[PDB]
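First up is the structure itself, then whatever we jot down about it.
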Amino acid sequence: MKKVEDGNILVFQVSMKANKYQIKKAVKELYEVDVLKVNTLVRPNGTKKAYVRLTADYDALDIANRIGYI
Amino acid sequence: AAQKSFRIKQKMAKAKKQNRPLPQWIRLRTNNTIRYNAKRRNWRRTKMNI
Amino acid sequence: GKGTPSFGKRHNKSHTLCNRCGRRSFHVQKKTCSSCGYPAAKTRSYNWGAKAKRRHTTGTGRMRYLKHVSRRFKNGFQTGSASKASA
Amino acid sequence: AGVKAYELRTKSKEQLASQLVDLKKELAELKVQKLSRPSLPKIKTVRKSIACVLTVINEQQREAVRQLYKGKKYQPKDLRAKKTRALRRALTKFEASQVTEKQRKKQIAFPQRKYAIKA
Amino acid sequence: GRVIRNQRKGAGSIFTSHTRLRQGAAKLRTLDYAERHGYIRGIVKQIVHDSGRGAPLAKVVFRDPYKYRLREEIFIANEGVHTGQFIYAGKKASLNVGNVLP
RNA sequence: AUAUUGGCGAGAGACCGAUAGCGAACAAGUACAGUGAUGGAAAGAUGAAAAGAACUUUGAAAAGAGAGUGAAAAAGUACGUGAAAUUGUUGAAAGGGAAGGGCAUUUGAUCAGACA
RNA sequence: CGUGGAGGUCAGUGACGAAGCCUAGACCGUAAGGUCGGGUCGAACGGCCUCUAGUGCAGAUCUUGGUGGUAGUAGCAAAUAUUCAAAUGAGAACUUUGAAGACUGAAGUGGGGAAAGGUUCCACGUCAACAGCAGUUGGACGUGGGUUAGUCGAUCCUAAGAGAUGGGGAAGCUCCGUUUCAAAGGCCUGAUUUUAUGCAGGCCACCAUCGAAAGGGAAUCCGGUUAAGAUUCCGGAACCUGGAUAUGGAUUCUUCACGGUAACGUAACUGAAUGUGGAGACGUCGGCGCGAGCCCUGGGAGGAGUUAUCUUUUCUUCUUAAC
RNA sequence: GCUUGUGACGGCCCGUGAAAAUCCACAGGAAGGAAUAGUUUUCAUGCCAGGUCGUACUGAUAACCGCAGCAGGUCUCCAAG
RNA sequence: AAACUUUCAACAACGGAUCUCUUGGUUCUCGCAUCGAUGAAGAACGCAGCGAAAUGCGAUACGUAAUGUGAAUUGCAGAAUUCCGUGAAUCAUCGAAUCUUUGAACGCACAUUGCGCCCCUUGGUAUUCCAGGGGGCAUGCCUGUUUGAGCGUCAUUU
Ligand SMILES: [Mg+2]
Ligand SMILES: [Mg+2]
Ligand SMILES: [Mg+2]
Ligand SMILES: [Mg+2]
Ligand SMILES: [Mg+2]
Ligand SMILES: [Mg+2]
Ligand SMILES: [Mg+2]
Ligand SMILES: [Mg+2]
Ligand SMILES: [Mg+2]
Ligand SMILES: [Mg+2]
Ligand SMILES: [Mg+2]
Ligand SMILES: [Mg+2]
Ligand SMILES: [Mg+2]
Ligand SMILES: [Mg+2]
Ligand SMILES: [Mg+2]
Ligand SMILES: [Mg+2]
Ligand SMILES: [Mg+2]
Ligand SMILES: [Mg+2]
Ligand SMILES: [Mg+2]
Ligand SMILES: [Mg+2]
Ligand SMILES: [Mg+2]
Ligand SMILES: [Mg+2]
Ligand SMILES: [Mg+2]
Ligand SMILES: [Mg+2]
Ligand SMILES: [Mg+2]
Ligand SMILES: [Mg+2]
Ligand SMILES: [Mg+2]
Ligand SMILES: [Mg+2]
Ligand SMILES: [Mg+2]
Ligand SMILES: [Mg+2]
Ligand SMILES: [Mg+2]
Ligand SMILES: [Mg+2]
Ligand SMILES: [Mg+2]
Ligand SMILES: [Mg+2]
Ligand SMILES: [Mg+2]
Ligand SMILES: [Mg+2]
Ligand SMILES: [Mg+2]
Ligand SMILES: [Mg+2]
Ligand SMILES: [Mg+2]
Ligand SMILES: [Mg+2]
Ligand SMILES: [Mg+2]
Ligand SMILES: [Mg+2]
Ligand SMILES: [Mg+2]
Ligand SMILES: [Mg+2]
Ligand SMILES: [Mg+2]
Ligand SMILES: [Mg+2]
Ligand SMILES: [Mg+2]
Ligand SMILES: [Mg+2]
Ligand SMILES: [Mg+2]
Ligand SMILES: [Mg+2]
Ligand SMILES: [Mg+2]
Ligand SMILES: [Mg+2]
Ligand SMILES: [Mg+2]
Ligand SMILES: [Mg+2]
Ligand SMILES: [Mg+2]
Ligand SMILES: [Mg+2]
Ligand SMILES: [Mg+2]
Ligand SMILES: [Mg+2]
Ligand SMILES: [Mg+2]
Ligand SMILES: [Mg+2]
Ligand SMILES: [Mg+2]
Ligand SMILES: [Mg+2]
Ligand SMILES: [Mg+2]
Ligand SMILES: [Mg+2]
Ligand SMILES: [Mg+2]
Ligand SMILES: [Mg+2]
Ligand SMILES: [Mg+2]
Ligand SMILES: [Mg+2]
Ligand SMILES: [Mg+2]
Ligand SMILES: [Mg+2]
Ligand SMILES: [Mg+2]
Ligand SMILES: [Mg+2]
Ligand SMILES: [Mg+2]
Ligand SMILES: [Mg+2]
Ligand SMILES: [Mg+2]
Ligand SMILES: [Mg+2]
Ligand SMILES: [Mg+2]
Ligand SMILES: [Mg+2]
Ligand SMILES: [Mg+2]
Ligand SMILES: [Mg+2]
Ligand SMILES: [Mg+2]
Ligand SMILES: [Mg+2]
Ligand SMILES: [Mg+2]
Ligand SMILES: [Mg+2]
Ligand SMILES: [Mg+2]
Ligand SMILES: [Mg+2]
Ligand SMILES: [Mg+2]
Ligand SMILES: [Mg+2]
Ligand SMILES: [Mg+2]
Ligand SMILES: [Mg+2]
Ligand SMILES: [Mg+2]
Ligand SMILES: [Mg+2]
Ligand SMILES: [Mg+2]
Ligand SMILES: [Mg+2]
Ligand SMILES: [Mg+2]
Ligand SMILES: [Mg+2]
Ligand SMILES: [Mg+2]
Ligand SMILES: [Mg+2]
Ligand SMILES: [Mg+2]
Ligand SMILES: [Mg+2]
Ligand SMILES: [Mg+2]
Ligand SMILES: [Mg+2]
Ligand SMILES: [Mg+2]
Ligand SMILES: [Mg+2]
Ligand SMILES: [Mg+2]
Ligand SMILES: [Zn+2]
């Protein structure tokens with residue numbers, strides 16, 4: 001949540017099967033948003049986390065409570 | 001260790017998840033018989049053998 | 001020093017996990033598995049070792065496919081579908 | 001609720017394709033909800049409906065192909081019968097009933113007579 | 001009793017040669033057309049130590065009669081031969097140290 | 001027509017009865033051991049029904065004491081019965097380098113039968 | 001005489017208490033044993049005639065399980081060492097904080113990694129077991145959170161070696177062979193303007209592949225930031241590789257740059273096949289020379305300590321990454 | 001001075017102290033190219049992109065192997081007065 | 001005289017014998033003939049509103065379609081439109097599908113979630129570079145098809 005308020009980053013759990021290109025395009029497509037870069041990592045419960053940085057036009061925090069979580 | 005195959009990472013992942021106590025609501029089920037978790041594992045009493 | 005001080009340097013795996021049987025019986029330098037024989041096309045097993053067979057035969061698994069053959073056989077291997085009636 | 005199969009089957013290719021997209025939006029939302037809510041069993045039924053649609057969408061495209069192969073030598077291996085590997089090899093009734101030209105003559109001229117003892 | 005030492009040598013486990021550093025095999029030129037009708041000129045380009053060998057080797061390079069390129073041979077150096085020397089190999093060649101003659 | 005300690009489906013027994021019977025009646029080829037091949041356990045039973053002890057009190061708590069449920073808590077998720085070794089308590093007795101034993105009787109305790 | 005099971009029978013016993021267990025209570029038998037009372041208990045069980053056997057324990061360093069005396073006993077004594085107070089808490093020799101006394105003494109009891117472990121990391125809660133005293137503490141327990149890369153590693157390469165393939169052995173599982181007695185394969189563009197890519201040359205004959213998280217190897221640094229990540233995020237500033245490409249400059253009417261006697265210079269300054277050269281790329285010890293970081297040190301500008309006495313003093317800050 | 005780095009030297013050897021990927025250069029001159037305008041991206045500037053997996057912590061008189069929080073064993077870098 | 005030791009009993013301990021149970025085991029007998037390149041047996045990782053396992057299943061994941069039944073499921077929550085009904089159910093049946101990563105396991109590898117090639121399509125100003133979607137490429141052998149090789153060899157040109 002903090003990365004969302006302070007960083008303009010959306011954090012998703014994301015398919016293991018999917019790559020940085022695929023994560024980027026799918027956010028871009030599903031959320032009407034532009035993306036700067038996308039870091040990923042495997043969590044220790046064996047699931048994938050994507051830090052998704054939006055471009056400076058977007059306010060990810062705004063975009064968080066529009067997908068509807070807080 | 002400290003620089004693993006994904007194979008090994010995976011297994012370790014699966015392991016972490018099996019490392020909870022018995023979800024106590026099972027205790028309430030009709031004919032329930034499982035008292036506690038009889039397959040619990042602990043990093044310094046039993047080694048995973050990978 | 002052949003006992004415990006020499007045990008101190010046990011920190012290299014002779015065997016890792018077997019792909020075909022997932023067992024840590026995969027000898028690294030020999031590149032074959034001491035349980036199941038991989039990657040021999042056949043599966044290691046021996047008549048002098050019956051517990052071992054018992055430990056691994058069909059039915060000790062899911063039988064994802066074989067499960068359903070005996071029902072299918074009973075119905076004469078029906079194709080198509082079932083229709084309708086009433087009540 | 002939970003979509004019905006027989007009601008899906010009267011819709012069109014791109015009605016089902018869309019319904020699918022709706023349940024998928026649906027399902028995406030519940031999962032956002034689920035992690036704010038101490039239980040969310042409604043999700044179970046929206047993810048069973050997706051299955052249902054996919055089933056039907058697949059069902060239809062399949063008996064599409066099956067027909068446009070109905071009645072030819074050669075048709076996709078997975079519309080062929082399954083039976084059993086052995087069964088599947090196994091001489092056809094034709095290539096099995098086959099009888100030597102010479103033998104046929106014999107089968108005709110001297111077949112097993114029905115008869116009876118008594119008088 | 002046990003298998004004696006000189007029987008274990010044949011399986012060449014710990015017993016093979018220590019080869020990693022050797023220059024290559026020492027060999028005369030392939031007895032081609034030049035060498036058996038006339039002679040052919042070369043140049044010793046280098047005379048050099050072969051590990052685990054007594055005598056130095058001589059890298060000697062020749063022209064390919066059939067392709068435009070240099071094919072280099074490895075000789076065992078005779079006493080006297082030198083970097084820069086011209087070596088003659090062939091039936092109709094002359095009788096000085098270094099040359100190769102039938 | 002013959003074979004069959006495998007497979008599927010069935011009917012059976014002067015068979016075993018939880019240390020028995022298959023190793024496994026149970027999350028058993030599990031847990032655990034071994035580098036590996038392999039080795040491989042223990043472990044069933046509250047009650048008809050959880051009615052699984054509200055409430056009060058002492059306690060930091062675990063629990064104890066009451067109360068309550070119940071046909072029974074001399075059934076309390078240590079739970080049917082609940083032997084023995086071995087232990088606590090109470091009561092009785094004996095004991096100057098073991099104890100226990102045989103025949104016999106005193107003393108104490110305890111008891112049957114028979115009288116009519 | 002006694003046990004488990006079987007045929008017959010007593011229309012046998014029993015929830016108004018079967019079986020079992022307990023009892024220096026009673027009775028029958030020479031004895032194996034039988035019978036009863038009382039207590040406990042809870043669902044089955046026995047007499048007689050016969051049938052049947054996995055049918056009787058004190059021993060087998062017997063098997064499994066349980067239990068003693070030993071005994072509150074041996075012991076809990078290596079690694080110099082502890083102390084006062086507060087706070088917390090039901091509880092403090094042992095937790096937290098402050099004070100003091102010491103230790104490791106940079107060949108560390110410091111700061112990091114390789115193998116190996118796999119969540120032990122971090123927060124919060126927390127003491128039944130566990131840490132051979134304790135426990136409010138923990139690498140324990142419950143619940144959660146945490147591991148961000150074009151530039152770090154892997155990935156590529158080849159080493160000892162491993163190992164498919166035409167093959168040759170072997171009844172066969174398979175053994176031998178690795179470029180070997182093999183018809184072993186693919187790049188550059190041209191020919192197309194039926195059109196997407198057939199033929200036209202010319203090559204090149206290299207013959208799998210796996211095998212290094214210390215060998216070889218394209219390229220990133222400083223500052224900042226977290227409870228827990230950082231050469232990975234944030235900030236700033238770079239670099240390499242692939243792909244596209246235009247603008248500028250350079251060059252040409254002596255077409256494919258000039259200058260320098262030369263070593264050679266430069267912002268550029270076309271170049272296919274084929275060939276060659278170099279780099280990758282390399283022992284060890286010794287003294288000598290130089291660099292960097294550390295060490296020592298003067299002045300000055302700050303801050304701290306000592307000051308009964310003495311000391312223009314003791315201690316410390318004064319730095320500069322890749323590119 | 002100390003640690004490290006590096007240079008030109010020197011001693012030693014019946015020891016003379018890897019390989020390959022990969023990069024560049026040169027010899028060659030097939031070819032393609034200007035004046036009504038051509039050639040040039042090994043000069044400068046400019047555009048786009050860079051996947052996958054590992055990354056926590058311990059590395060030891062308690063996070064590894066020795067039945068264990070065992071006086072044992074277990075490869076290494078930094079190093080003040 | 002206590003204490004202590006020992007013996008007996010009662011109440012209480014310790015331990016789990018004994019009795020009685022039995023969705024198991026064993027053995028006999030009868031009927032039956034069905035694994036797999038249409039990817040088997042086996043492995044690994046996953047999947048539930050709230051599961052660590054056992055059981056089930058595969059990104060359509062304790063299930064989807066169909067069929068029969070005819071009102072449950074149940075530990076708690078839940079749906080509530082599903083109860084004179086194309087209809088409950090952790091139901092039965094099962095003819096239709098889905099079926100991750102693998103395995104004889106098949107593009108090459110594999111202590112790597114490592115590395116190619118080909119076709120169709122979509123995006124990036126692209127036959128060539130990058131990216132997303134789909135579909136493909138193991139080996140031996142048989143019949144056939146096509147392209148070929150060899151003075152092995154027959155004819156036919158001028
Ligand atoms: Mg903001
Ligand atoms: Mg990453
Ligand atoms: Mg050992
Ligand atoms: Mg080894
Ligand atoms: Mg082998
Ligand atoms: Mg194989
Ligand atoms: Mg349904
Ligand atoms: Mg067929
Ligand atoms: Mg011999
Ligand atoms: Mg050799
Ligand atoms: Mg049988
Ligand atoms: Mg019968
Ligand atoms: Mg048993
Ligand atoms: Mg018996
Ligand atoms: Mg047993
Ligand atoms: Mg049972
Ligand atoms: Mg156990
Ligand atoms: Mg009972
Ligand atoms: Mg019991
Ligand atoms: Mg019960
Ligand atoms: Mg009480
Ligand atoms: Mg009663
Ligand atoms: Mg009772
Ligand atoms: Mg009772
Ligand atoms: Mg209770
Ligand atoms: Mg009891
Ligand atoms: Mg007497
Ligand atoms: Mg008798
Ligand atoms: Mg009897
Ligand atoms: Mg018996
Ligand atoms: Mg007695
Ligand atoms: Mg009597
Ligand atoms: Mg009584
Ligand atoms: Mg009784
Ligand atoms: Mg009863
Ligand atoms: Mg008898
Ligand atoms: Mg016996
Ligand atoms: Mg006896
Ligand atoms: Mg005995
Ligand atoms: Mg005895
Ligand atoms: Mg005896
Ligand atoms: Mg005994
Ligand atoms: Mg004590
Ligand atoms: Mg003592
Ligand atoms: Mg001692
Ligand atoms: Mg003392
Ligand atoms: Mg000490
Ligand atoms: Mg202390
Ligand atoms: Mg000191
Ligand atoms: Mg020292
Ligand atoms: Mg220490
Ligand atoms: Mg560390
Ligand atoms: Mg560890
Ligand atoms: Mg901690
Ligand atoms: Mg405690
Ligand atoms: Mg511990
Ligand atoms: Mg303790
Ligand atoms: Mg304690
Ligand atoms: Mg924890
Ligand atoms: Mg956790
Ligand atoms: Mg690098
Ligand atoms: Mg790569
Ligand atoms: Mg071979
Ligand atoms: Mg390799
Ligand atoms: Mg490397
Ligand atoms: Mg390296
Ligand atoms: Mg963070
Ligand atoms: Mg850190
Ligand atoms: Mg930093
Ligand atoms: Mg940055
Ligand atoms: Mg910038
Ligand atoms: Mg470029
Ligand atoms: Mg110029
Ligand atoms: Mg070269
Ligand atoms: Mg070289
Ligand atoms: Mg080297
Ligand atoms: Mg740099
Ligand atoms: Mg050094
Ligand atoms: Mg030298
Ligand atoms: Mg060069
Ligand atoms: Mg030409
Ligand atoms: Mg350039
Ligand atoms: Mg690529
Ligand atoms: Mg780290
Ligand atoms: Mg430690
Ligand atoms: Mg350990
Ligand atoms: Mg162990
Ligand atoms: Mg130790
Ligand atoms: Mg007195
Ligand atoms: Mg009593
Ligand atoms: Mg019994
Ligand atoms: Mg009963
Ligand atoms: Mg039976
Ligand atoms: Mg029968
Ligand atoms: Mg098998
Ligand atoms: Mg279930
Ligand atoms: Mg449910
Ligand atoms: Mg119906
Ligand atoms: Mg069902
Ligand atoms: Mg699917
Ligand atoms: Mg393969
Ligand atoms: Mg793969
Ligand atoms: Mg594909
Ligand atoms: Mg053919
Ligand atoms: Mg032909
Ligand atoms: Zn295996």
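Here's how to read the names in the structure tokens: chain A, B, ... by the order shown, residue numbers from 1 in each chain, ligand numbers from 1 in the order shown.
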Practice task
Apply DSSP to the structure's backbone, then extract all residues of segment 11-61 of chain C labelled alpha helix (DSSP H) and return them as a list in words.
Solution key: residues 50, 51, 52, 53 and 54 of chain C
Define the interface residues of chain E facing chain H as those within 10 Å, counting only C-alpha atoms (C1' of nucleotides), and report them as a PDB file with N, CA and C atoms, in the first residue's frame.
```
ATOM      1  N   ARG E  20      47.890 -32.567 -21.540  1.00  0.00           N
ATOM      2  CA  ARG E  20      47.257 -31.264 -21.701  1.00  0.00           C
ATOM      3  C   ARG E  20      48.177 -30.251 -22.323  1.00  0.00           C
ATOM      4  N   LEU E  21      49.461 -30.328 -22.007  1.00  0.00           N
ATOM      5  CA  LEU E  21      50.408 -29.328 -22.479  1.00  0.00           C
ATOM      6  C   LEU E  21      51.199 -29.667 -23.718  1.00  0.00           C
ATOM      7  N   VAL E  48      60.718 -25.430 -30.493  1.00  0.00           N
ATOM      8  CA  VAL E  48      60.014 -25.255 -29.241  1.00  0.00           C
ATOM      9  C   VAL E  48      59.889 -26.514 -28.399  1.00  0.00           C
ATOM     10  N   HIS E  49      59.858 -26.288 -27.078  1.00  0.00           N
ATOM     11  CA  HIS E  49      59.756 -27.330 -26.056  1.00  0.00           C
ATOM     12  C   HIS E  49      58.401 -28.062 -26.079  1.00  0.00           C
ATOM     13  N   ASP E  50      58.449 -29.378 -25.998  1.00  0.00           N
ATOM     14  CA  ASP E  50      57.247 -30.169 -25.922  1.00  0.00           C
ATOM     15  C   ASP E  50      57.275 -30.730 -24.517  1.00  0.00           C
ATOM     16  N   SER E  51      56.176 -30.630 -23.765  1.00  0.00           N
ATOM     17  CA  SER E  51      56.218 -31.068 -22.375  1.00  0.00           C
ATOM     18  C   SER E  51      56.388 -32.556 -22.368  1.00  0.00           C
ATOM     19  N   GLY E  52      57.246 -33.031 -21.471  1.00  0.00           N
ATOM     20  CA  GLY E  52      57.454 -34.453 -21.278  1.00  0.00           C
ATOM     21  C   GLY E  52      58.173 -35.101 -22.439  1.00  0.00           C
ATOM     22  N   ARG E  53      58.848 -34.285 -23.240  1.00  0.00           N
ATOM     23  CA  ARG E  53      59.676 -34.777 -24.333  1.00  0.00           C
ATOM     24  C   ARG E  53      61.141 -34.355 -24.162  1.00  0.00           C
ATOM     25  N   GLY E  54      62.062 -35.132 -24.685  1.00  0.00           N
ATOM     26  CA  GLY E  54      63.446 -34.763 -24.511  1.00  0.00           C
ATOM     27  C   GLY E  54      63.806 -33.587 -25.385  1.00  0.00           C
ATOM     28  N   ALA E  55      63.428 -33.737 -26.644  1.00  0.00           N
ATOM     29  CA  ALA E  55      63.995 -32.957 -27.716  1.00  0.00           C
ATOM     30  C   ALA E  55      63.025 -31.937 -28.215  1.00  0.00           C
TER      31      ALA E  55
END
```
Problem - Neighbourhood of ligand 76 at 8 Å, counting only C-alpha atoms (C1' of nucleotides) and all ligand atoms, reported as a list in words - result: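 Protein and nucleic-acid residues within 8 Å of ligand 76: residues 215, 216, 281 and 282 of chain G; 18 of chain H.
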Those residues you just picked out, can you put them in a file as a PDB file, in the first residue's frame with N, CA, C and O atoms (P, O5', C5', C4', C3', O3' and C1' of nucleotides)?
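Result file is selection02.pdb:
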```
ATOM      1  P     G G 215      36.809 -17.483 -11.787  1.00  0.00           P
ATOM      2  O5'   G G 215      37.687 -18.581 -12.562  1.00  0.00           O
ATOM      3  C5'   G G 215      39.119 -18.546 -12.520  1.00  0.00           C
ATOM      4  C4'   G G 215      39.755 -19.125 -13.763  1.00  0.00           C
ATOM      5  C3'   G G 215      39.418 -18.420 -15.070  1.00  0.00           C
ATOM      6  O3'   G G 215      40.273 -17.317 -15.306  1.00  0.00           O
ATOM      7  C1'   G G 215      39.036 -20.735 -15.312  1.00  0.00           C
ATOM      8  P     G G 216      39.691 -15.841 -15.595  1.00  0.00           P
ATOM      9  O5'   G G 216      39.172 -15.971 -17.085  1.00  0.00           O
ATOM     10  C5'   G G 216      40.092 -16.132 -18.133  1.00  0.00           C
ATOM     11  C4'   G G 216      39.394 -16.428 -19.425  1.00  0.00           C
ATOM     12  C3'   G G 216      38.377 -15.418 -19.893  1.00  0.00           C
ATOM     13  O3'   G G 216      38.980 -14.282 -20.450  1.00  0.00           O
ATOM     14  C1'   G G 216      37.512 -17.568 -20.204  1.00  0.00           C
ATOM     15  P     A G 281      42.798 -14.171 -20.640  1.00  0.00           P
ATOM     16  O5'   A G 281      44.327 -14.135 -21.066  1.00  0.00           O
ATOM     17  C5'   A G 281      45.325 -14.785 -20.285  1.00  0.00           C
ATOM     18  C4'   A G 281      46.480 -15.271 -21.120  1.00  0.00           C
ATOM     19  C3'   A G 281      46.911 -14.336 -22.246  1.00  0.00           C
ATOM     20  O3'   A G 281      48.300 -14.514 -22.518  1.00  0.00           O
ATOM     21  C1'   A G 281      46.233 -16.381 -23.148  1.00  0.00           C
ATOM     22  P     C G 282      49.436 -13.850 -21.603  1.00  0.00           P
ATOM     23  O5'   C G 282      49.741 -15.019 -20.573  1.00  0.00           O
ATOM     24  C5'   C G 282      50.097 -14.746 -19.229  1.00  0.00           C
ATOM     25  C4'   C G 282      49.657 -15.852 -18.301  1.00  0.00           C
ATOM     26  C3'   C G 282      50.623 -17.028 -18.103  1.00  0.00           C
ATOM     27  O3'   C G 282      50.687 -17.370 -16.724  1.00  0.00           O
ATOM     28  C1'   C G 282      48.490 -17.813 -18.697  1.00  0.00           C
TER      29        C G 282
ATOM     30  P     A H  18      50.649 -22.658 -19.885  1.00  0.00           P
ATOM     31  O5'   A H  18      49.147 -23.155 -19.916  1.00  0.00           O
ATOM     32  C5'   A H  18      48.424 -23.030 -21.124  1.00  0.00           C
ATOM     33  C4'   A H  18      47.406 -24.110 -21.300  1.00  0.00           C
ATOM     34  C3'   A H  18      46.412 -23.882 -22.413  1.00  0.00           C
ATOM     35  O3'   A H  18      46.933 -24.129 -23.691  1.00  0.00           O
ATOM     36  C1'   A H  18      45.279 -24.638 -20.496  1.00  0.00           C
TER      37        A H  18
END
```
Exercise for the section: Find the residues around segment 39-43 of chain C up to 10 Å (only C-alpha atoms (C1' of nucleotides) counted), leave out those fewer than 5 positions away in its own chain, and share them as a count of residues only. Expected result: 11
I'd like the neighbourhood of segment 65-81 of chain E as a PDB file with N, CA and C atoms (P, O5', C5', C4', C3', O3' and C1' of nucleotides), in the first residue's frame, where a residue qualifies if any of its atoms comes within 7 Å (using only C-alpha atoms (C1' of nucleotides)), though same-chain residues fewer than 6 positions away should be ignored.
```pdb
ATOM      1  N   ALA E  26      54.218 -35.052 -33.385  1.00  0.00           N
ATOM      2  CA  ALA E  26      55.345 -34.789 -34.241  1.00  0.00           C
ATOM      3  C   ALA E  26      55.235 -35.707 -35.436  1.00  0.00           C
ATOM      4  N   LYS E  27      55.211 -35.163 -36.645  1.00  0.00           N
ATOM      5  CA  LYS E  27      54.995 -35.972 -37.835  1.00  0.00           C
ATOM      6  C   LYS E  27      55.624 -35.303 -39.029  1.00  0.00           C
ATOM      7  N   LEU E  28      56.129 -36.089 -39.972  1.00  0.00           N
ATOM      8  CA  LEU E  28      56.573 -35.533 -41.242  1.00  0.00           C
ATOM      9  C   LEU E  28      55.369 -35.147 -42.063  1.00  0.00           C
ATOM     10  N   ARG E  29      55.617 -34.462 -43.175  1.00  0.00           N
ATOM     11  CA  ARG E  29      54.570 -34.119 -44.129  1.00  0.00           C
ATOM     12  C   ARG E  29      53.859 -35.347 -44.717  1.00  0.00           C
ATOM     13  N   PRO E  56      63.530 -30.778 -28.601  1.00  0.00           N
ATOM     14  CA  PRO E  56      62.592 -29.698 -28.949  1.00  0.00           C
ATOM     15  C   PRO E  56      61.850 -29.967 -30.243  1.00  0.00           C
ATOM     16  N   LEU E  57      60.686 -29.387 -30.427  1.00  0.00           N
ATOM     17  CA  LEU E  57      60.018 -29.565 -31.693  1.00  0.00           C
ATOM     18  C   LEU E  57      60.308 -28.369 -32.605  1.00  0.00           C
ATOM     19  N   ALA E  58      60.056 -28.533 -33.893  1.00  0.00           N
ATOM     20  CA  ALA E  58      60.226 -27.422 -34.806  1.00  0.00           C
ATOM     21  C   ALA E  58      58.946 -27.199 -35.581  1.00  0.00           C
ATOM     22  N   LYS E  59      58.295 -26.076 -35.340  1.00  0.00           N
ATOM     23  CA  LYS E  59      57.159 -25.734 -36.151  1.00  0.00           C
ATOM     24  C   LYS E  59      57.678 -25.287 -37.511  1.00  0.00           C
ATOM     25  N   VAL E  97      71.392 -30.948 -43.416  1.00  0.00           N
ATOM     26  CA  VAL E  97      70.672 -31.019 -42.148  1.00  0.00           C
ATOM     27  C   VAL E  97      69.351 -30.294 -42.214  1.00  0.00           C
ATOM     28  N   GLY E  98      68.304 -31.017 -41.829  1.00  0.00           N
ATOM     29  CA  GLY E  98      66.981 -30.447 -41.734  1.00  0.00           C
ATOM     30  C   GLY E  98      66.040 -30.879 -42.829  1.00  0.00           C
TER      31      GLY E  98
ATOM     32  P     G G 275      40.396 -19.297 -46.463  1.00  0.00           P
ATOM     33  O5'   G G 275      41.705 -18.397 -46.337  1.00  0.00           O
ATOM     34  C5'   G G 275      42.884 -18.765 -47.034  1.00  0.00           C
ATOM     35  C4'   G G 275      43.939 -17.692 -46.986  1.00  0.00           C
ATOM     36  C3'   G G 275      44.617 -17.478 -45.651  1.00  0.00           C
ATOM     37  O3'   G G 275      45.612 -18.433 -45.397  1.00  0.00           O
ATOM     38  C1'   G G 275      44.062 -15.392 -46.609  1.00  0.00           C
TER      39        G G 275
END
```
Problem - Contacts of residue 9 of chain A at 7 Å (only C-alpha atoms (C1' of nucleotides); same-chain gap of 3+ positions) as a PyMOL selection string - result: chain A and resi 3-4+51-54+60
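Nearest to chain B of all the residues F:58, F:107, F:87, F:35 is F:35, counting only C-alpha atoms (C1' of nucleotides).
Where the distance criterion is 9 Å and the atoms used are only C-alpha atoms (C1' of nucleotides) and all ligand atoms, the residues close to ligand 73 are residues 250, 251, 257, 258, 266, 267, 268 and 269 of chain G.
Omitting segment 29-42 of chain A and its sequence neighbours fewer than 5 positions away, and counting only C-alpha atoms (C1' of nucleotides), the residues within 8 Å are residues 20, 23, 24, 47, 48, 49, 50, 51, 52, 53, 54, 55, 57 and 58 of chain A; 147 and 148 of chain G.
Distances from G:189, G:96, G:225, G:119 to residue 2 of chain B were compared using only C-alpha atoms (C1' of nucleotides), and the smallest one belongs to G:119.
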Practice task
List all protein, DNA and RNA residues that have an atom no more than 6 Å from any atom of ligand 32, counting only C-alpha atoms (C1' of nucleotides) and all ligand atoms, and report them as a PyMOL selection string.
Solution key: chain G and resi 26-27+36
Handout entry: All strand (DSSP E) positions in chain E, as a PyMOL selection string
Key = chain E and resi 40-48+57-63+70-76+86-89
Exercise for the section: Write out as number ranges by chain which residues come within 12 Å of residue 88 of chain D when counting only C-alpha atoms (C1' of nucleotides), dropping same-chain ones fewer than 5 positions away. Expected result: C: 77; D: 77, 80-83; I: 38
Practice task
Show me which residues sit within 9 Å of ligand 24 when counting only C-alpha atoms (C1' of nucleotides) and all ligand atoms, and put them as a list in words.
Solution key: residues 46, 72, 73, 74, 75, 79, 80 and 81 of chain F; 41 and 42 of chain G
